[PDB]
>>> print(open('query_3.pdb').read())   # PDB, C-alpha atoms
ATOM      1  CA  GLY A   1       0.000   0.000   0.000  1.00  0.00           C
ATOM      2  CA  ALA A   2       3.178   1.696   0.552  1.00  0.00           C
ATOM      3  CA  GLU A   3       6.177  -0.641   0.069  1.00  0.00           C
ATOM      4  CA  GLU A   4       9.053   1.663   0.977  1.00  0.00           C
ATOM      5  CA  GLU A   5      12.763   1.303   0.101  1.00  0.00           C
ATOM      6  CA  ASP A   6      14.739  -0.536   2.833  1.00  0.00           C
ATOM      7  CA  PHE A   7      17.322   1.130   5.179  1.00  0.00           C
ATOM      8  CA  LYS A   8      19.606  -1.833   4.266  1.00  0.00           C
ATOM      9  CA  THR A   9      18.946  -2.322   0.549  1.00  0.00           C
ATOM     10  CA  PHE A  10      18.991   1.436  -0.305  1.00  0.00           C
ATOM     11  CA  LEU A  11      22.439   1.581   1.394  1.00  0.00           C
ATOM     12  CA  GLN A  12      23.793  -1.337  -0.671  1.00  0.00           C
ATOM     13  CA  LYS A  13      23.004   0.768  -3.776  1.00  0.00           C
ATOM     14  CA  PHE A  14      24.318   3.977  -2.149  1.00  0.00           C
ATOM     15  CA  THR A  15      27.797   2.458  -1.463  1.00  0.00           C
ATOM     16  CA  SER A  16      27.927   0.877  -4.997  1.00  0.00           C
ATOM     17  CA  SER A  17      26.587   3.405  -7.532  1.00  0.00           C
ATOM     18  CA  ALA A  18      28.017   6.942  -7.853  1.00  0.00           C
ATOM     19  CA  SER A  19      25.283   8.688  -9.913  1.00  0.00           C
ATOM     20  CA  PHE A  20      22.603   7.081  -7.669  1.00  0.00           C
ATOM     21  CA  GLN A  21      24.473   8.336  -4.544  1.00  0.00           C
ATOM     22  CA  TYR A  22      24.288  11.874  -6.001  1.00  0.00           C
ATOM     23  CA  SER A  23      20.647  11.465  -7.209  1.00  0.00           C
ATOM     24  CA  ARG A  24      19.640  10.644  -3.585  1.00  0.00           C
ATOM     25  CA  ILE A  25      21.170  13.844  -2.099  1.00  0.00           C
ATOM     26  CA  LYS A  26      19.434  17.232  -1.792  1.00  0.00           C
ATOM     27  CA  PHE A  27      20.938  20.427  -3.198  1.00  0.00           C
ATOM     28  CA  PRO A  28      21.743  22.539  -1.242  1.00  0.00           C
ATOM     29  CA  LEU A  29      22.013  20.772   2.164  1.00  0.00           C
ATOM     30  CA  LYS A  30      20.800  22.133   5.525  1.00  0.00           C
ATOM     31  CA  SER A  31      24.382  22.125   6.944  1.00  0.00           C
ATOM     32  CA  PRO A  32      26.268  24.973   5.282  1.00  0.00           C
ATOM     33  CA  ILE A  33      30.004  24.306   5.835  1.00  0.00           C
ATOM     34  CA  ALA A  34      31.453  26.718   8.489  1.00  0.00           C
ATOM     35  CA  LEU A  35      35.210  27.498   8.820  1.00  0.00           C
ATOM     36  CA  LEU A  36      37.570  30.044  10.410  1.00  0.00           C
ATOM     37  CA  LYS A  37      38.651  33.271   8.604  1.00  0.00           C
ATOM     38  CA  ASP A  38      42.369  32.931   9.608  1.00  0.00           C
ATOM     39  CA  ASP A  39      41.654  35.090  12.737  1.00  0.00           C
ATOM     40  CA  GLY A  40      40.802  32.339  15.304  1.00  0.00           C
ATOM     41  CA  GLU A  41      37.263  32.867  16.801  1.00  0.00           C
ATOM     42  CA  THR A  42      35.539  33.994  13.548  1.00  0.00           C
ATOM     43  CA  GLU A  43      32.291  32.664  12.012  1.00  0.00           C
ATOM     44  CA  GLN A  44      31.692  32.052   8.265  1.00  0.00           C
ATOM     45  CA  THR A  45      29.337  29.841   6.181  1.00  0.00           C
ATOM     46  CA  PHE A  46      29.675  28.248   2.699  1.00  0.00           C
ATOM     47  CA  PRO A  47      27.011  26.986   0.253  1.00  0.00           C
ATOM     48  CA  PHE A  48      27.007  23.159   0.381  1.00  0.00           C
ATOM     49  CA  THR A  49      26.268  22.002  -3.231  1.00  0.00           C
ATOM     50  CA  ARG A  50      27.106  18.937  -5.435  1.00  0.00           C
ATOM     51  CA  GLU A  51      30.502  20.413  -6.550  1.00  0.00           C
ATOM     52  CA  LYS A  52      32.045  19.829  -3.062  1.00  0.00           C
ATOM     53  CA  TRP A  53      30.740  16.352  -2.168  1.00  0.00           C
ATOM     54  CA  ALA A  54      32.990  13.473  -1.029  1.00  0.00           C
ATOM     55  CA  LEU A  55      31.824  10.001  -2.169  1.00  0.00           C
ATOM     56  CA  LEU A  56      31.410   7.381   0.582  1.00  0.00           C
ATOM     57  CA  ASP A  57      32.064   3.610   0.831  1.00  0.00           C
ATOM     58  CA  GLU A  58      30.534   0.547   2.529  1.00  0.00           C
ATOM     59  CA  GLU A  59      33.327   0.695   5.132  1.00  0.00           C
ATOM     60  CA  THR A  60      32.108   4.297   5.597  1.00  0.00           C
ATOM     61  CA  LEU A  61      28.363   3.433   5.950  1.00  0.00           C
ATOM     62  CA  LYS A  62      28.498   0.318   8.110  1.00  0.00           C
ATOM     63  CA  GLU A  63      26.948  -0.430  11.503  1.00  0.00           C
ATOM     64  CA  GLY A  64      29.816  -1.526  13.775  1.00  0.00           C
ATOM     65  CA  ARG A  65      33.082  -0.520  15.482  1.00  0.00           C
ATOM     66  CA  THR A  66      36.696  -0.573  14.148  1.00  0.00           C
ATOM     67  CA  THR A  67      40.120  -0.494  15.877  1.00  0.00           C
ATOM     68  CA  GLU A  68      43.159   1.537  14.771  1.00  0.00           C
ATOM     69  CA  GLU A  69      46.574   0.836  16.267  1.00  0.00           C
ATOM     70  CA  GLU A  70      47.008   4.486  17.074  1.00  0.00           C
ATOM     71  CA  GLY A  71      43.533   5.987  17.757  1.00  0.00           C
ATOM     72  CA  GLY A  72      40.927   3.824  19.529  1.00  0.00           C
ATOM     73  CA  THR A  73      37.396   2.478  19.068  1.00  0.00           C
ATOM     74  CA  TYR A  74      36.011   4.126  15.908  1.00  0.00           C
ATOM     75  CA  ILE A  75      32.187   3.627  15.708  1.00  0.00           C
ATOM     76  CA  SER A  76      29.873   3.960  12.699  1.00  0.00           C
ATOM     77  CA  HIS A  77      26.065   3.358  12.888  1.00  0.00           C
ATOM     78  CA  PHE A  78      22.624   4.893  12.765  1.00  0.00           C
ATOM     79  CA  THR A  79      21.847   6.233  16.279  1.00  0.00           C
ATOM     80  CA  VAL A  80      18.082   6.655  15.788  1.00  0.00           C
ATOM     81  CA  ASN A  81      15.528   3.856  15.366  1.00  0.00           C
ATOM     82  CA  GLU A  82      12.674   5.354  13.282  1.00  0.00           C
ATOM     83  CA  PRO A  83      10.594   3.784  10.436  1.00  0.00           C
ATOM     84  CA  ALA A  84      11.376   6.738   8.055  1.00  0.00           C
ATOM     85  CA  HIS A  85      13.510   9.249  10.031  1.00  0.00           C
ATOM     86  CA  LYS A  86      16.966   7.718  10.668  1.00  0.00           C
ATOM     87  CA  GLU A  87      20.383   9.371  10.511  1.00  0.00           C
ATOM     88  CA  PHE A  88      23.995   8.178  10.793  1.00  0.00           C
ATOM     89  CA  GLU A  89      26.971   9.014  12.996  1.00  0.00           C
ATOM     90  CA  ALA A  90      30.628   7.979  12.950  1.00  0.00           C
ATOM     91  CA  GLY A  91      33.244   9.034  15.492  1.00  0.00           C
ATOM     92  CA  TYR A  92      35.431   7.607  18.251  1.00  0.00           C
ATOM     93  CA  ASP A  93      34.404   6.548  21.773  1.00  0.00           C
ATOM     94  CA  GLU A  94      34.046   9.260  24.489  1.00  0.00           C
ATOM     95  CA  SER A  95      34.432  11.908  21.689  1.00  0.00           C
ATOM     96  CA  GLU A  96      32.351  13.879  19.173  1.00  0.00           C
ATOM     97  CA  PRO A  97      31.497  12.478  15.701  1.00  0.00           C
ATOM     98  CA  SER A  98      32.787  13.886  12.376  1.00  0.00           C
ATOM     99  CA  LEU A  99      30.618  12.039   9.748  1.00  0.00           C
ATOM    100  CA  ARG A 100      26.890  12.983  10.001  1.00  0.00           C
ATOM    101  CA  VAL A 101      24.282  11.796   7.444  1.00  0.00           C
ATOM    102  CA  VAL A 102      20.595  12.660   7.836  1.00  0.00           C
ATOM    103  CA  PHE A 103      18.228  10.357   5.954  1.00  0.00           C
ATOM    104  CA  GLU A 104      14.512  10.919   5.320  1.00  0.00           C
ATOM    105  CA  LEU A 105      11.948   8.650   3.606  1.00  0.00           C
ATOM    106  CA  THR A 106       9.089  10.252   1.624  1.00  0.00           C
ATOM    107  CA  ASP A 107       7.110   8.764  -1.327  1.00  0.00           C
ATOM    108  CA  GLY A 108       8.699   5.431  -0.213  1.00  0.00           C
ATOM    109  CA  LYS A 109      12.110   6.723  -1.500  1.00  0.00           C
ATOM    110  CA  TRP A 110      15.036   7.659   0.739  1.00  0.00           C
ATOM    111  CA  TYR A 111      16.749  11.045   0.202  1.00  0.00           C
ATOM    112  CA  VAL A 112      19.836  12.409   2.112  1.00  0.00           C
ATOM    113  CA  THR A 113      18.999  15.874   3.583  1.00  0.00           C
ATOM    114  CA  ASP A 114      22.154  16.905   5.565  1.00  0.00           C
ATOM    115  CA  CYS A 115      25.965  16.309   5.626  1.00  0.00           C
ATOM    116  CA  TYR A 116      29.042  16.592   7.850  1.00  0.00           C
ATOM    117  CA  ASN A 117      32.478  15.370   6.617  1.00  0.00           C
ATOM    118  CA  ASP A 118      36.066  16.075   7.757  1.00  0.00           C
ATOM    119  CA  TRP A 119      37.002  17.116   4.146  1.00  0.00           C
ATOM    120  CA  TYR A 120      35.799  20.575   5.287  1.00  0.00           C
ATOM    121  CA  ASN A 121      36.499  20.213   9.051  1.00  0.00           C
ATOM    122  CA  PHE A 122      37.323  23.265  11.231  1.00  0.00           C
ATOM    123  CA  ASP A 123      41.163  23.130  10.645  1.00  0.00           C
ATOM    124  CA  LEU A 124      40.591  24.447   7.053  1.00  0.00           C
ATOM    125  CA  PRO A 125      41.026  28.242   6.516  1.00  0.00           C
ATOM    126  CA  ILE A 126      38.793  29.563   3.696  1.00  0.00           C
ATOM    127  CA  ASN A 127      41.956  30.682   1.807  1.00  0.00           C
ATOM    128  CA  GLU A 128      42.916  27.019   1.008  1.00  0.00           C
ATOM    129  CA  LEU A 129      39.364  25.616   0.651  1.00  0.00           C
ATOM    130  CA  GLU A 130      38.929  25.910  -3.131  1.00  0.00           C
ATOM    131  CA  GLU A 131      41.953  23.551  -3.466  1.00  0.00           C
ATOM    132  CA  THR A 132      40.441  21.128  -0.895  1.00  0.00           C
ATOM    133  CA  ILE A 133      37.295  21.060  -3.027  1.00  0.00           C
ATOM    134  CA  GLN A 134      39.281  20.106  -6.113  1.00  0.00           C
ATOM    135  CA  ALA A 135      41.273  17.424  -4.239  1.00  0.00           C
ATOM    136  CA  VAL A 136      38.104  15.600  -3.087  1.00  0.00           C
ATOM    137  CA  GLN A 137      37.006  15.652  -6.743  1.00  0.00           C
ATOM    138  CA  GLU A 138      40.269  13.757  -7.626  1.00  0.00           C
ATOM    139  CA  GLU A 139      39.377  10.896  -5.216  1.00  0.00           C
ATOM    140  CA  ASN A 140      35.732  11.083  -6.394  1.00  0.00           C
ATOM    141  CA  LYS A 141      36.703  10.354 -10.052  1.00  0.00           C
ATOM    142  CA  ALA A 142      38.708   7.303  -8.978  1.00  0.00           C
ATOM    143  CA  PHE A 143      35.549   6.125  -7.137  1.00  0.00           C
ATOM    144  CA  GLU A 144      32.799   6.906  -9.688  1.00  0.00           C
ATOM    145  CA  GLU A 145      34.713   5.520 -12.712  1.00  0.00           C
ATOM    146  CA  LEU A 146      34.596   2.098 -10.944  1.00  0.00           C
ATOM    147  CA  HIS A 147      31.340   2.417  -8.891  1.00  0.00           C
ATOM    148  CA  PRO A 148      28.614   2.020 -11.631  1.00  0.00           C
TER     149      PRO A 148
END
>>> encode(input="query_3.pdb", output="structure tokens")
Amino acid sequence: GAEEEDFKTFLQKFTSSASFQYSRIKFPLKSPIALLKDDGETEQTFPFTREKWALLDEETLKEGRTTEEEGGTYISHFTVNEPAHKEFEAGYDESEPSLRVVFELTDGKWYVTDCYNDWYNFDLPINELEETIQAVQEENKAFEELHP
């Protein structure tokens, strides 16, 4: 009557199809990027659009915990059990996250509505940013050429 797309199965596509990944994501996103104007305690916001995305893997969007030698417990999961209103968090134990992905389900189709990624983390003065954008687009080509 509805038969909605599955929080598992939609993800399997998301991690293995580049154009589909992009076709699922809003433009712009509700998280403008926000960095420091090379002055310390200064506020700034950037338009989040398709041209500054970072593609994401199955070992990015998994539900589990990992171990580095030199960090600690890294977690990745959805934190929120809802039938249509789930979102995703990755980060270490006892610490803040750095990969945030809001998901929403309308019309029986999932659509990603927000983003957080360390590719435009706080340690990134706006002066260098337009090169950071282009660098993520290097890695993105190497993904999407091989993620059909």
>>> atom_distance(input="query_3.pdb", atom1="CA of residue 133 in chain A", atom2="CA of residue 50 in chain A")
10.7 Å
>>> closest_residue(input="query_3.pdb", among="A:134, A:37, A:93, A:45", to="residue 71 in chain A", atoms="all atoms listed in the file")
A:93
>>> resolve_selection(input="query_3.pdb", expression="the PyMOL selection byres ((chain A and resi 66) around 12)", output="list in words")
residues 59, 60, 62, 63, 64, 65, 67, 68, 69, 70, 71, 72, 73, 74, 75, 76, 77, 90, 91, 92 and 93 of chain A
>>> resolve_selection(input="query_3.pdb", expression="the PyMOL selection byres ((chain A and resi 32) around 12)", output="list in words")
residues 27, 28, 29, 30, 31, 33, 34, 35, 43, 44, 45, 46, 47, 48, 49, 52, 113, 114, 115, 116, 117, 120 and 121 of chain A
>>> atom_distance(input="query_3.pdb", atom1="CA of residue 5 in chain A", atom2="CA of residue 144 in chain A")
23.0 Å
>>> atom_distance(input="query_3.pdb", atom1="CA of residue 87 in chain A", atom2="CA of residue 145 in chain A")
27.6 Å
>>> axis_aligned_box(input="query_3.pdb", around="range 22-40 of chain A", padding_each_side="4 Å", output="JSON")
{"center_x": 30.9, "center_y": 22.9, "center_z": 4.0, "size_x": 30.9, "size_y": 32.4, "size_z": 30.5}
>>> closest_residue(input="query_3.pdb", among="A:8, A:81, A:136, A:1", to="residue 58 in chain A", atoms="all atoms listed in the file")
A:8
>>> decode(input="query_3.pdb", residues="range 68-121 of chain A", atoms="C-alpha atoms", output="PDB file, in the first residue's frame")
ATOM      1  CA  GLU A  68      43.159   1.537  14.771  1.00  0.00           C
ATOM      2  CA  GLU A  69      46.574   0.836  16.267  1.00  0.00           C
ATOM      3  CA  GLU A  70      47.008   4.486  17.074  1.00  0.00           C
ATOM      4  CA  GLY A  71      43.533   5.987  17.757  1.00  0.00           C
ATOM      5  CA  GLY A  72      40.927   3.824  19.529  1.00  0.00           C
ATOM      6  CA  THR A  73      37.396   2.478  19.068  1.00  0.00           C
ATOM      7  CA  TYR A  74      36.011   4.126  15.908  1.00  0.00           C
ATOM      8  CA  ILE A  75      32.187   3.627  15.708  1.00  0.00           C
ATOM      9  CA  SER A  76      29.873   3.960  12.699  1.00  0.00           C
ATOM     10  CA  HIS A  77      26.065   3.358  12.888  1.00  0.00           C
ATOM     11  CA  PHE A  78      22.624   4.893  12.765  1.00  0.00           C
ATOM     12  CA  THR A  79      21.847   6.233  16.279  1.00  0.00           C
ATOM     13  CA  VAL A  80      18.082   6.655  15.788  1.00  0.00           C
ATOM     14  CA  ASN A  81      15.528   3.856  15.366  1.00  0.00           C
ATOM     15  CA  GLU A  82      12.674   5.354  13.282  1.00  0.00           C
ATOM     16  CA  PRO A  83      10.594   3.784  10.436  1.00  0.00           C
ATOM     17  CA  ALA A  84      11.376   6.738   8.055  1.00  0.00           C
ATOM     18  CA  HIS A  85      13.510   9.249  10.031  1.00  0.00           C
ATOM     19  CA  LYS A  86      16.966   7.718  10.668  1.00  0.00           C
ATOM     20  CA  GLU A  87      20.383   9.371  10.511  1.00  0.00           C
ATOM     21  CA  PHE A  88      23.995   8.178  10.793  1.00  0.00           C
ATOM     22  CA  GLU A  89      26.971   9.014  12.996  1.00  0.00           C
ATOM     23  CA  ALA A  90      30.628   7.979  12.950  1.00  0.00           C
ATOM     24  CA  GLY A  91      33.244   9.034  15.492  1.00  0.00           C
ATOM     25  CA  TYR A  92      35.431   7.607  18.251  1.00  0.00           C
ATOM     26  CA  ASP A  93      34.404   6.548  21.773  1.00  0.00           C
ATOM     27  CA  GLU A  94      34.046   9.260  24.489  1.00  0.00           C
ATOM     28  CA  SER A  95      34.432  11.908  21.689  1.00  0.00           C
ATOM     29  CA  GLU A  96      32.351  13.879  19.173  1.00  0.00           C
ATOM     30  CA  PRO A  97      31.497  12.478  15.701  1.00  0.00           C
ATOM     31  CA  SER A  98      32.787  13.886  12.376  1.00  0.00           C
ATOM     32  CA  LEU A  99      30.618  12.039   9.748  1.00  0.00           C
ATOM     33  CA  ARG A 100      26.890  12.983  10.001  1.00  0.00           C
ATOM     34  CA  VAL A 101      24.282  11.796   7.444  1.00  0.00           C
ATOM     35  CA  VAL A 102      20.595  12.660   7.836  1.00  0.00           C
ATOM     36  CA  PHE A 103      18.228  10.357   5.954  1.00  0.00           C
ATOM     37  CA  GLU A 104      14.512  10.919   5.320  1.00  0.00           C
ATOM     38  CA  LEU A 105      11.948   8.650   3.606  1.00  0.00           C
ATOM     39  CA  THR A 106       9.089  10.252   1.624  1.00  0.00           C
ATOM     40  CA  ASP A 107       7.110   8.764  -1.327  1.00  0.00           C
ATOM     41  CA  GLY A 108       8.699   5.431  -0.213  1.00  0.00           C
ATOM     42  CA  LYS A 109      12.110   6.723  -1.500  1.00  0.00           C
ATOM     43  CA  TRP A 110      15.036   7.659   0.739  1.00  0.00           C
ATOM     44  CA  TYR A 111      16.749  11.045   0.202  1.00  0.00           C
ATOM     45  CA  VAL A 112      19.836  12.409   2.112  1.00  0.00           C
ATOM     46  CA  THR A 113      18.999  15.874   3.583  1.00  0.00           C
ATOM     47  CA  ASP A 114      22.154  16.905   5.565  1.00  0.00           C
ATOM     48  CA  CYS A 115      25.965  16.309   5.626  1.00  0.00           C
ATOM     49  CA  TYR A 116      29.042  16.592   7.850  1.00  0.00           C
ATOM     50  CA  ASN A 117      32.478  15.370   6.617  1.00  0.00           C
ATOM     51  CA  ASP A 118      36.066  16.075   7.757  1.00  0.00           C
ATOM     52  CA  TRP A 119      37.002  17.116   4.146  1.00  0.00           C
ATOM     53  CA  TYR A 120      35.799  20.575   5.287  1.00  0.00           C
ATOM     54  CA  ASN A 121      36.499  20.213   9.051  1.00  0.00           C
TER      55      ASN A 121
END
